[PDB]
>>> print(open('work_18.csv').read())   # CSV, N, CA and C atoms
chain,number,residue,atom,x,y,z
V,1,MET,N,0.9,-1.2,0.0
V,1,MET,CA,0.0,0.0,0.0
V,1,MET,C,0.9,1.2,0.0
V,2,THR,N,0.5,2.3,0.7
V,2,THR,CA,1.3,3.5,0.8
V,2,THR,C,2.4,3.4,1.9
V,3,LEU,N,3.5,2.9,1.6
V,3,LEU,CA,4.6,2.7,2.6
V,3,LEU,C,5.7,3.8,2.3
V,4,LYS,N,6.2,4.4,3.3
V,4,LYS,CA,7.3,5.4,3.1
V,4,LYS,C,8.2,5.5,4.2
V,5,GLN,N,9.5,5.5,4.0
V,5,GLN,CA,10.6,5.6,5.1
V,5,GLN,C,11.2,6.9,5.1
V,6,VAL,N,11.1,7.6,6.2
V,6,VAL,CA,11.8,9.0,6.2
V,6,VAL,C,12.3,9.3,7.5
V,7,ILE,N,13.5,9.8,7.6
V,7,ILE,CA,14.1,10.3,8.9
V,7,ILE,C,14.1,11.8,8.8
V,8,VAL,N,13.4,12.4,9.7
V,8,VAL,CA,13.3,13.9,9.7
V,8,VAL,C,14.3,14.5,10.7
V,9,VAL,N,14.9,15.6,10.3
V,9,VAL,CA,16.0,16.2,11.2
V,9,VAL,C,15.6,17.6,11.5
V,10,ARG,N,15.5,18.0,12.7
V,10,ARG,CA,15.2,19.3,13.1
V,10,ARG,C,16.5,20.1,13.1
V,11,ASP,N,16.9,20.8,12.1
V,11,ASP,CA,18.1,21.5,12.0
V,11,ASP,C,17.8,23.0,12.4
V,12,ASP,N,18.9,23.7,12.7
V,12,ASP,CA,18.7,25.2,13.1
V,12,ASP,C,18.4,25.2,14.6
V,13,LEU,N,19.4,24.7,15.3
V,13,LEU,CA,19.3,24.7,16.8
V,13,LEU,C,20.0,25.9,17.3
V,14,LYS,N,19.3,26.9,17.8
V,14,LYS,CA,20.0,28.2,18.3
V,14,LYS,C,21.2,27.8,19.1
V,15,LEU,N,21.3,26.6,19.6
V,15,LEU,CA,22.5,26.3,20.4
V,15,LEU,C,23.6,25.8,19.5
V,16,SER,N,24.8,25.7,19.9
V,16,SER,CA,25.9,25.3,19.0
V,16,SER,C,25.6,24.0,18.3
V,17,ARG,N,25.5,24.1,16.9
V,17,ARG,CA,25.2,22.9,16.1
V,17,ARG,C,26.5,22.1,15.8
V,18,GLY,N,27.6,22.5,16.4
V,18,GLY,CA,28.9,21.8,16.0
V,18,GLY,C,28.9,20.4,16.6
V,19,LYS,N,29.1,20.3,17.9
V,19,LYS,CA,29.2,19.0,18.6
V,19,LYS,C,27.8,18.3,18.6
V,20,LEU,N,26.8,19.1,18.8
V,20,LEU,CA,25.4,18.5,18.9
V,20,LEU,C,25.1,17.8,17.6
V,21,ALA,N,25.5,18.4,16.4
V,21,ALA,CA,25.2,17.7,15.2
V,21,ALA,C,26.1,16.4,15.1
V,22,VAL,N,27.3,16.5,15.7
V,22,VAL,CA,28.2,15.3,15.7
V,22,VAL,C,27.5,14.1,16.5
V,23,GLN,N,27.2,14.4,17.7
V,23,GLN,CA,26.6,13.3,18.6
V,23,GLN,C,25.3,12.8,17.9
V,24,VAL,N,24.5,13.7,17.4
V,24,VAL,CA,23.2,13.3,16.7
V,24,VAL,C,23.5,12.4,15.5
V,25,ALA,N,24.5,12.8,14.7
V,25,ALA,CA,24.8,12.1,13.5
V,25,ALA,C,25.1,10.6,13.9
V,26,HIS,N,25.9,10.5,15.0
V,26,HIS,CA,26.2,9.1,15.4
V,26,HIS,C,24.9,8.5,15.9
V,27,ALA,N,24.1,9.2,16.7
V,27,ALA,CA,22.9,8.6,17.2
V,27,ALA,C,21.9,8.4,16.1
V,28,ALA,N,22.0,9.2,15.1
V,28,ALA,CA,21.1,9.0,13.9
V,28,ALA,C,21.3,7.6,13.3
V,29,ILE,N,22.5,7.2,13.3
V,29,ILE,CA,22.9,5.8,12.8
V,29,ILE,C,22.3,4.8,13.8
V,30,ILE,N,22.6,4.9,15.0
V,30,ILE,CA,22.1,3.9,16.0
V,30,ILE,C,20.6,3.9,16.0
V,31,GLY,N,20.0,5.1,15.9
V,31,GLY,CA,18.5,5.1,15.8
V,31,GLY,C,18.1,4.5,14.5
V,32,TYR,N,18.7,4.8,13.4
V,32,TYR,CA,18.4,4.3,12.1
V,32,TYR,C,18.6,2.8,12.1
V,33,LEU,N,19.7,2.3,12.6
V,33,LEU,CA,20.0,0.9,12.7
V,33,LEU,C,19.0,0.2,13.6
V,34,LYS,N,18.6,0.9,14.6
V,34,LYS,CA,17.6,0.2,15.5
V,34,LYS,C,16.4,-0.2,14.8
V,35,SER,N,15.8,0.7,13.9
V,35,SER,CA,14.6,0.3,13.2
V,35,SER,C,15.0,-0.4,11.8
V,36,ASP,N,16.0,0.1,11.2
V,36,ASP,CA,16.5,-0.4,9.9
V,36,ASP,C,16.9,-1.9,10.0
V,37,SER,N,17.2,-2.3,11.2
V,37,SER,CA,17.7,-3.7,11.2
V,37,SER,C,16.9,-4.7,10.4
V,38,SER,N,15.8,-5.2,11.0
V,38,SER,CA,14.9,-6.1,10.2
V,38,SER,C,13.7,-5.3,9.7
V,39,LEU,N,13.4,-4.2,10.1
V,39,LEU,CA,12.2,-3.5,9.6
V,39,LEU,C,12.4,-3.0,8.2
V,40,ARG,N,13.6,-2.4,7.9
V,40,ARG,CA,13.8,-1.9,6.6
V,40,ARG,C,13.9,-3.1,5.6
V,41,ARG,N,14.5,-4.1,6.0
V,41,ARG,CA,14.7,-5.3,5.1
V,41,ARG,C,13.3,-5.8,4.8
V,42,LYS,N,12.3,-5.5,5.6
V,42,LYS,CA,11.0,-6.0,5.3
V,42,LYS,C,10.4,-5.2,4.1
V,43,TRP,N,10.1,-4.0,4.2
V,43,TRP,CA,9.6,-3.2,3.1
V,43,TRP,C,10.6,-2.3,2.4
V,44,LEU,N,11.4,-1.7,3.1
V,44,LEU,CA,12.5,-0.8,2.5
V,44,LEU,C,13.3,-1.6,1.5
V,45,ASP,N,13.2,-2.9,1.6
V,45,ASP,CA,14.1,-3.8,0.7
V,45,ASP,C,14.1,-3.2,-0.7
V,46,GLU,N,13.1,-2.5,-1.1
V,46,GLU,CA,13.2,-1.9,-2.5
V,46,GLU,C,14.2,-0.7,-2.4
V,47,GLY,N,14.2,0.1,-1.4
V,47,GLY,CA,15.1,1.2,-1.3
V,47,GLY,C,14.8,2.3,-2.3
V,48,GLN,N,13.5,2.4,-2.7
V,48,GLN,CA,13.1,3.5,-3.7
V,48,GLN,C,12.3,4.6,-3.0
V,49,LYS,N,12.0,4.4,-1.7
V,49,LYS,CA,11.2,5.4,-1.0
V,49,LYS,C,11.9,5.9,0.3
V,50,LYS,N,13.2,6.0,0.1
V,50,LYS,CA,14.1,6.4,1.3
V,50,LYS,C,14.4,7.9,1.1
V,51,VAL,N,13.9,8.7,2.0
V,51,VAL,CA,14.3,10.2,1.9
V,51,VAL,C,14.4,10.9,3.2
V,52,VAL,N,15.1,12.0,3.3
V,52,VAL,CA,15.3,12.7,4.6
V,52,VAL,C,14.8,14.2,4.5
V,53,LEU,N,14.0,14.6,5.4
V,53,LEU,CA,13.4,16.0,5.4
V,53,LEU,C,13.7,16.7,6.7
V,54,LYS,N,13.3,18.0,6.8
V,54,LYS,CA,13.5,18.8,8.0
V,54,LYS,C,12.2,18.8,8.8
V,55,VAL,N,12.3,19.1,10.1
V,55,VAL,CA,11.1,19.1,10.9
V,55,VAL,C,10.6,20.6,11.0
V,56,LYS,N,9.3,20.7,11.1
V,56,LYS,CA,8.7,22.1,11.2
V,56,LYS,C,8.8,22.6,12.6
V,57,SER,N,8.4,21.8,13.6
V,57,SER,CA,8.4,22.2,15.0
V,57,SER,C,8.5,21.0,15.9
V,58,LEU,N,9.2,21.1,17.0
V,58,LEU,CA,9.3,19.9,17.9
V,58,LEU,C,7.9,19.5,18.4
V,59,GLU,N,7.1,20.4,18.7
V,59,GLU,CA,5.7,20.1,19.2
V,59,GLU,C,4.9,19.3,18.1
V,60,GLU,N,5.0,19.8,16.8
V,60,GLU,CA,4.3,19.1,15.7
V,60,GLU,C,4.9,17.7,15.5
V,61,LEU,N,6.2,17.6,15.7
V,61,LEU,CA,6.8,16.3,15.5
V,61,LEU,C,6.4,15.3,16.6
V,62,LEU,N,6.6,15.7,17.8
V,62,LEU,CA,6.2,14.8,18.9
V,62,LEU,C,4.7,14.4,18.8
V,63,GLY,N,3.9,15.3,18.3
V,63,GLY,CA,2.5,15.0,18.2
V,63,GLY,C,2.2,14.0,17.0
V,64,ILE,N,2.7,14.3,15.8
V,64,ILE,CA,2.4,13.4,14.7
V,64,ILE,C,3.1,12.1,14.8
V,65,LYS,N,4.3,12.1,15.3
V,65,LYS,CA,5.1,10.8,15.4
V,65,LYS,C,4.2,9.9,16.3
V,66,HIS,N,3.6,10.4,17.3
V,66,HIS,CA,2.7,9.6,18.2
V,66,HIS,C,1.5,9.1,17.3
V,67,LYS,N,1.0,10.0,16.5
V,67,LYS,CA,-0.1,9.6,15.6
V,67,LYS,C,0.3,8.5,14.7
V,68,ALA,N,1.5,8.6,14.2
V,68,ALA,CA,2.0,7.5,13.3
V,68,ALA,C,2.1,6.2,14.1
V,69,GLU,N,2.7,6.3,15.3
V,69,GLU,CA,2.9,5.1,16.1
V,69,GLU,C,1.5,4.5,16.5
V,70,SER,N,0.5,5.4,16.5
V,70,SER,CA,-0.9,4.9,16.8
V,70,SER,C,-1.3,3.7,16.0
V,71,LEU,N,-0.9,3.7,14.7
V,71,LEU,CA,-1.4,2.6,13.9
V,71,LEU,C,-0.4,1.4,14.0
V,72,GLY,N,0.5,1.5,14.9
V,72,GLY,CA,1.5,0.4,15.0
V,72,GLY,C,2.7,0.6,14.1
V,73,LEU,N,2.9,1.9,13.8
V,73,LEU,CA,4.1,2.2,12.9
V,73,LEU,C,5.3,2.4,13.8
V,74,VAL,N,6.5,1.9,13.4
V,74,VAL,CA,7.7,2.1,14.2
V,74,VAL,C,8.2,3.6,14.1
V,75,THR,N,8.0,4.4,15.1
V,75,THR,CA,8.4,5.8,15.0
V,75,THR,C,9.0,6.2,16.4
V,76,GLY,N,9.9,7.1,16.4
V,76,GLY,CA,10.5,7.5,17.6
V,76,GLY,C,11.4,8.8,17.4
V,77,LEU,N,11.5,9.6,18.4
V,77,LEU,CA,12.4,10.8,18.2
V,77,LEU,C,13.8,10.4,18.5
V,78,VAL,N,14.7,10.5,17.6
V,78,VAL,CA,16.1,10.1,17.8
V,78,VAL,C,16.9,11.3,18.3
V,79,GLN,N,17.6,11.1,19.4
V,79,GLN,CA,18.4,12.2,19.9
V,79,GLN,C,19.6,11.6,20.5
V,80,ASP,N,20.4,12.3,21.3
V,80,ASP,CA,21.6,11.7,21.8
V,80,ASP,C,21.2,10.4,22.6
V,81,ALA,N,21.2,9.3,21.9
V,81,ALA,CA,20.8,8.0,22.6
V,81,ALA,C,21.8,7.7,23.7
V,82,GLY,N,23.0,7.9,23.5
V,82,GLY,CA,24.0,7.6,24.6
V,82,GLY,C,23.5,8.3,25.9
V,83,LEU,N,22.9,9.4,25.8
V,83,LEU,CA,22.4,10.1,27.0
V,83,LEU,C,20.9,9.8,27.2
V,84,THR,N,20.4,10.2,28.3
V,84,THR,CA,18.9,9.9,28.6
V,84,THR,C,18.4,10.7,29.7
V,85,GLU,N,18.5,12.0,29.6
V,85,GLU,CA,18.1,12.9,30.7
V,85,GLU,C,17.3,14.1,30.2
V,86,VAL,N,17.9,15.0,29.6
V,86,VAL,CA,17.2,16.2,29.0
V,86,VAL,C,17.2,16.1,27.5
V,87,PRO,N,16.1,15.8,26.9
V,87,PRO,CA,16.1,15.7,25.4
V,87,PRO,C,16.6,17.0,24.7
V,88,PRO,N,16.2,18.2,25.2
V,88,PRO,CA,16.7,19.5,24.6
V,88,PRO,C,18.2,19.5,24.7
V,89,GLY,N,18.8,20.5,24.0
V,89,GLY,CA,20.3,20.7,24.0
V,89,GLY,C,20.8,20.2,22.7
V,90,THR,N,20.2,19.2,22.1
V,90,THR,CA,20.6,18.6,20.8
V,90,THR,C,19.5,18.9,19.8
V,91,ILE,N,19.8,18.6,18.5
V,91,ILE,CA,18.7,18.9,17.5
V,91,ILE,C,17.7,17.8,17.7
V,92,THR,N,16.6,17.8,16.9
V,92,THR,CA,15.6,16.8,17.1
V,92,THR,C,15.5,15.8,15.8
V,93,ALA,N,16.3,14.7,15.9
V,93,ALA,CA,16.3,13.8,14.8
V,93,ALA,C,15.2,12.7,15.0
V,94,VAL,N,14.6,12.2,14.0
V,94,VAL,CA,13.5,11.2,14.2
V,94,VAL,C,13.5,10.2,13.1
V,95,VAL,N,13.2,8.9,13.4
V,95,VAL,CA,13.2,7.8,12.4
V,95,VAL,C,11.7,7.4,12.3
V,96,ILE,N,11.2,7.3,11.0
V,96,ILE,CA,9.8,6.9,10.8
V,96,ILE,C,9.8,5.7,9.9
V,97,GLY,N,9.1,4.6,10.3
V,97,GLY,CA,9.0,3.4,9.5
V,97,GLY,C,8.3,3.6,8.2
V,98,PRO,N,7.6,2.6,7.6
V,98,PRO,CA,6.9,2.8,6.3
V,98,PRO,C,5.7,3.7,6.5
V,99,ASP,N,5.9,5.0,6.7
V,99,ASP,CA,4.7,5.9,6.8
V,99,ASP,C,4.0,6.0,5.5
V,100,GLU,N,2.9,6.7,5.5
V,100,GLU,CA,2.2,6.9,4.2
V,100,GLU,C,2.6,8.2,3.6
V,101,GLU,N,3.4,8.1,2.6
V,101,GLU,CA,3.9,9.4,1.9
V,101,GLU,C,2.8,10.4,1.8
V,102,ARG,N,1.6,9.9,1.7
V,102,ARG,CA,0.4,10.8,1.6
V,102,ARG,C,0.3,11.7,2.8
V,103,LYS,N,0.4,11.2,4.0
V,103,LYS,CA,0.3,12.0,5.2
V,103,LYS,C,1.6,12.7,5.5
V,104,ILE,N,2.7,12.0,5.3
V,104,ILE,CA,4.0,12.6,5.6
V,104,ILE,C,4.2,13.9,4.7
V,105,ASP,N,3.5,13.9,3.5
V,105,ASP,CA,3.7,15.0,2.6
V,105,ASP,C,3.1,16.3,3.3
V,106,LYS,N,1.9,16.3,3.8
V,106,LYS,CA,1.4,17.5,4.4
V,106,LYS,C,2.0,17.7,5.8
V,107,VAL,N,2.2,16.6,6.6
V,107,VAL,CA,2.8,16.7,7.9
V,107,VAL,C,4.2,17.2,7.9
V,108,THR,N,5.1,16.5,7.1
V,108,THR,CA,6.5,16.9,7.1
V,108,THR,C,6.8,17.9,6.0
V,109,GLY,N,5.8,18.1,5.1
V,109,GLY,CA,6.1,19.1,4.0
V,109,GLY,C,7.2,18.5,3.1
V,110,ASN,N,6.8,17.7,2.1
V,110,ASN,CA,7.8,17.1,1.2
V,110,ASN,C,8.0,18.0,0.0
V,111,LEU,N,7.5,19.2,0.1
V,111,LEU,CA,7.7,20.2,-1.0
V,111,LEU,C,9.2,20.7,-1.0
V,112,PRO,N,9.8,20.9,-2.1
V,112,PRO,CA,11.2,21.3,-2.1
V,112,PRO,C,11.5,22.4,-1.1
V,113,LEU,N,12.6,22.3,-0.3
V,113,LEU,CA,12.8,23.3,0.7
V,113,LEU,C,13.2,24.6,0.0
V,114,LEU,N,12.7,25.7,0.5
V,114,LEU,CA,13.1,27.0,-0.2
V,114,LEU,C,14.5,27.4,0.2
V,115,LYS,N,15.2,28.0,-0.6
V,115,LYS,CA,16.6,28.4,-0.2
V,115,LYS,C,16.6,29.5,0.7
V,116,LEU,N,17.0,29.3,2.0
V,116,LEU,CA,17.0,30.4,3.0
V,116,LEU,C,18.2,31.2,2.8
V,117,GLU,N,19.1,30.7,2.0
V,117,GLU,CA,20.4,31.5,1.8
V,117,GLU,C,20.1,32.6,0.8
V,118,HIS,N,21.1,33.3,0.4
V,118,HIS,CA,20.8,34.3,-0.6
V,118,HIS,C,20.7,33.7,-2.0
V,119,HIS,N,19.6,33.6,-2.5
V,119,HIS,CA,19.4,32.9,-3.8
V,119,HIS,C,19.8,33.8,-5.0
V,120,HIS,N,18.9,34.7,-5.4
V,120,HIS,CA,19.3,35.6,-6.5
V,120,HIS,C,18.2,36.6,-6.7
V,121,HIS,N,18.5,37.7,-7.4
V,121,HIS,CA,17.4,38.7,-7.7
V,121,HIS,C,18.0,39.8,-8.6
V,122,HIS,N,18.9,39.4,-9.5
V,122,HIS,CA,19.5,40.4,-10.4
V,122,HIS,C,20.5,41.2,-9.6
V,123,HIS,N,20.7,40.9,-8.3
V,123,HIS,CA,21.7,41.7,-7.5
V,123,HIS,C,23.1,41.2,-7.8
>>> encode(input="work_18.csv", output="structure tokens")
Amino acid sequence: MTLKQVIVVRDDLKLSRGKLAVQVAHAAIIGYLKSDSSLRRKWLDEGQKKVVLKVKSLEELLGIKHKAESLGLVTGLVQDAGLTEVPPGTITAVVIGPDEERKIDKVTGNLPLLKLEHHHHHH
């Protein structure tokens, strides 16, 4: 049916993104491997619906990930897994199993990200 695998990353952490991005990148793999172990081999075996997007807001993510988990979907907010005290401090990485690209589209916004950098304007 409509199966979709996507890891969303909440980038733009007013706090130093240097080391925090480093620990999360490592945790992103442990988090990814945690679900990707046998779950990806199940449906992701095709490897044609694997994509990564950004998160709109921590509150919206914690709320929809729970909604996705509600149907028995493997979802969880991935953060410094080595630690387990204050979730804040790091960015908000999340791993979502075979979601329905149909709902992830509106919820995670699969529309091309707009360039927040200086794009162009005849300048």
>>> select_by_dssp(input="work_18.csv", residues="segment 34-90 of chain V", states="strand (DSSP E)", output="ChimeraX atom specification")
/V:50-54,75-78
>>> select_by_dssp(input="work_18.csv", residues="chain V", states="helix (DSSP H, G or I)", output="PyMOL selection string")
chain V and resi 17-42+44-46+58-70+101-109
>>> closest_residue(input="work_18.csv", among="V:110, V:48, V:23, V:38", to="residue 80 of chain V", atoms="only N, CA and C atoms")
V:23
>>> atom_distance(input="work_18.csv", atom1="atom CA of residue 68 of chain V", atom2="atom CA of residue 35 of chain V")
14.5 Å
>>> atom_distance(input="work_18.csv", atom1="atom CA of residue 50 of chain V", atom2="atom CA of residue 71 of chain V")
20.3 Å
>>> atom_distance(input="work_18.csv", atom1="atom N of residue 59 of chain V", atom2="atom C of residue 39 of chain V")
26.2 Å
>>> closest_residue(input="work_18.csv", among="V:120, V:103, V:115, V:4", to="residue 44 of chain V", atoms="only C-alpha atoms")
V:4
>>> residues_around(input="work_18.csv", residues="segment 88-94 of chain V", least_positions_apart="6", cutoff="6 Å", atoms="only C-alpha atoms", output="ChimeraX atom specification")
/V:7-10,13,20,76-79
>>> build_atoms(input="work_18.csv", residues="segment 4-26 of chain V", atoms="N, CA, C and O atoms", output="PDB file, keeping the file's coordinate frame")
ATOM      1  N   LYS V   4       6.200   4.400   3.300  1.00  0.00           N
ATOM      2  CA  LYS V   4       7.300   5.400   3.100  1.00  0.00           C
ATOM      3  C   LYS V   4       8.200   5.500   4.200  1.00  0.00           C
ATOM      4  O   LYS V   4       7.846   5.497   5.391  1.00  0.00           O
ATOM      5  N   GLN V   5       9.500   5.500   4.000  1.00  0.00           N
ATOM      6  CA  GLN V   5      10.600   5.600   5.100  1.00  0.00           C
ATOM      7  C   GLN V   5      11.200   6.900   5.100  1.00  0.00           C
ATOM      8  O   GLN V   5      11.810   7.325   4.077  1.00  0.00           O
ATOM      9  N   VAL V   6      11.100   7.600   6.200  1.00  0.00           N
ATOM     10  CA  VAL V   6      11.800   9.000   6.200  1.00  0.00           C
ATOM     11  C   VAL V   6      12.300   9.300   7.500  1.00  0.00           C
ATOM     12  O   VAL V   6      11.642   9.200   8.540  1.00  0.00           O
ATOM     13  N   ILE V   7      13.500   9.800   7.600  1.00  0.00           N
ATOM     14  CA  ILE V   7      14.100  10.300   8.900  1.00  0.00           C
ATOM     15  C   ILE V   7      14.100  11.800   8.800  1.00  0.00           C
ATOM     16  O   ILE V   7      14.670  12.418   7.973  1.00  0.00           O
ATOM     17  N   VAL V   8      13.400  12.400   9.700  1.00  0.00           N
ATOM     18  CA  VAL V   8      13.300  13.900   9.700  1.00  0.00           C
ATOM     19  C   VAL V   8      14.300  14.500  10.700  1.00  0.00           C
ATOM     20  O   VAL V   8      14.586  13.910  11.699  1.00  0.00           O
ATOM     21  N   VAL V   9      14.900  15.600  10.300  1.00  0.00           N
ATOM     22  CA  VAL V   9      16.000  16.200  11.200  1.00  0.00           C
ATOM     23  C   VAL V   9      15.600  17.600  11.500  1.00  0.00           C
ATOM     24  O   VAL V   9      15.461  18.460  10.593  1.00  0.00           O
ATOM     25  N   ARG V  10      15.500  18.000  12.700  1.00  0.00           N
ATOM     26  CA  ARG V  10      15.200  19.300  13.100  1.00  0.00           C
ATOM     27  C   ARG V  10      16.500  20.100  13.100  1.00  0.00           C
ATOM     28  O   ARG V  10      17.194  20.072  14.157  1.00  0.00           O
ATOM     29  N   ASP V  11      16.900  20.800  12.100  1.00  0.00           N
ATOM     30  CA  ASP V  11      18.100  21.500  12.000  1.00  0.00           C
ATOM     31  C   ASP V  11      17.800  23.000  12.400  1.00  0.00           C
ATOM     32  O   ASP V  11      16.692  23.408  12.378  1.00  0.00           O
ATOM     33  N   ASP V  12      18.900  23.700  12.700  1.00  0.00           N
ATOM     34  CA  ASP V  12      18.700  25.200  13.100  1.00  0.00           C
ATOM     35  C   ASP V  12      18.400  25.200  14.600  1.00  0.00           C
ATOM     36  O   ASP V  12      17.417  25.723  15.038  1.00  0.00           O
ATOM     37  N   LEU V  13      19.400  24.700  15.300  1.00  0.00           N
ATOM     38  CA  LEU V  13      19.300  24.700  16.800  1.00  0.00           C
ATOM     39  C   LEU V  13      20.000  25.900  17.300  1.00  0.00           C
ATOM     40  O   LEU V  13      21.241  25.976  17.302  1.00  0.00           O
ATOM     41  N   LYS V  14      19.300  26.900  17.800  1.00  0.00           N
ATOM     42  CA  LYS V  14      20.000  28.200  18.300  1.00  0.00           C
ATOM     43  C   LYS V  14      21.200  27.800  19.100  1.00  0.00           C
ATOM     44  O   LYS V  14      22.089  28.654  19.272  1.00  0.00           O
ATOM     45  N   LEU V  15      21.300  26.600  19.600  1.00  0.00           N
ATOM     46  CA  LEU V  15      22.500  26.300  20.400  1.00  0.00           C
ATOM     47  C   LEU V  15      23.600  25.800  19.500  1.00  0.00           C
ATOM     48  O   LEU V  15      23.320  25.494  18.304  1.00  0.00           O
ATOM     49  N   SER V  16      24.800  25.700  19.900  1.00  0.00           N
ATOM     50  CA  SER V  16      25.900  25.300  19.000  1.00  0.00           C
ATOM     51  C   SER V  16      25.600  24.000  18.300  1.00  0.00           C
ATOM     52  O   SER V  16      25.396  22.999  18.841  1.00  0.00           O
ATOM     53  N   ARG V  17      25.500  24.100  16.900  1.00  0.00           N
ATOM     54  CA  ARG V  17      25.200  22.900  16.100  1.00  0.00           C
ATOM     55  C   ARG V  17      26.500  22.100  15.800  1.00  0.00           C
ATOM     56  O   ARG V  17      26.504  21.289  14.915  1.00  0.00           O
ATOM     57  N   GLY V  18      27.600  22.500  16.400  1.00  0.00           N
ATOM     58  CA  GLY V  18      28.900  21.800  16.000  1.00  0.00           C
ATOM     59  C   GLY V  18      28.900  20.400  16.600  1.00  0.00           C
ATOM     60  O   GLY V  18      28.749  19.408  15.950  1.00  0.00           O
ATOM     61  N   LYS V  19      29.100  20.300  17.900  1.00  0.00           N
ATOM     62  CA  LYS V  19      29.200  19.000  18.600  1.00  0.00           C
ATOM     63  C   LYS V  19      27.800  18.300  18.600  1.00  0.00           C
ATOM     64  O   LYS V  19      27.666  17.137  18.503  1.00  0.00           O
ATOM     65  N   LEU V  20      26.800  19.100  18.800  1.00  0.00           N
ATOM     66  CA  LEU V  20      25.400  18.500  18.900  1.00  0.00           C
ATOM     67  C   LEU V  20      25.100  17.800  17.600  1.00  0.00           C
ATOM     68  O   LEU V  20      24.583  16.704  17.549  1.00  0.00           O
ATOM     69  N   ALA V  21      25.500  18.400  16.400  1.00  0.00           N
ATOM     70  CA  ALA V  21      25.200  17.700  15.200  1.00  0.00           C
ATOM     71  C   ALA V  21      26.100  16.400  15.100  1.00  0.00           C
ATOM     72  O   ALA V  21      25.705  15.398  14.557  1.00  0.00           O
ATOM     73  N   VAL V  22      27.300  16.500  15.700  1.00  0.00           N
ATOM     74  CA  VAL V  22      28.200  15.300  15.700  1.00  0.00           C
ATOM     75  C   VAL V  22      27.500  14.100  16.500  1.00  0.00           C
ATOM     76  O   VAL V  22      27.392  13.024  16.029  1.00  0.00           O
ATOM     77  N   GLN V  23      27.200  14.400  17.700  1.00  0.00           N
ATOM     78  CA  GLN V  23      26.600  13.300  18.600  1.00  0.00           C
ATOM     79  C   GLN V  23      25.300  12.800  17.900  1.00  0.00           C
ATOM     80  O   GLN V  23      25.027  11.620  17.808  1.00  0.00           O
ATOM     81  N   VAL V  24      24.500  13.700  17.400  1.00  0.00           N
ATOM     82  CA  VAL V  24      23.200  13.300  16.700  1.00  0.00           C
ATOM     83  C   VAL V  24      23.500  12.400  15.500  1.00  0.00           C
ATOM     84  O   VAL V  24      22.851  11.456  15.228  1.00  0.00           O
ATOM     85  N   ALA V  25      24.500  12.800  14.700  1.00  0.00           N
ATOM     86  CA  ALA V  25      24.800  12.100  13.500  1.00  0.00           C
ATOM     87  C   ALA V  25      25.100  10.600  13.900  1.00  0.00           C
ATOM     88  O   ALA V  25      24.640   9.679  13.340  1.00  0.00           O
ATOM     89  N   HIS V  26      25.900  10.500  15.000  1.00  0.00           N
ATOM     90  CA  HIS V  26      26.200   9.100  15.400  1.00  0.00           C
ATOM     91  C   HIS V  26      24.900   8.500  15.900  1.00  0.00           C
ATOM     92  O   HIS V  26      24.556   7.357  15.542  1.00  0.00           O
TER      93      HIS V  26
END
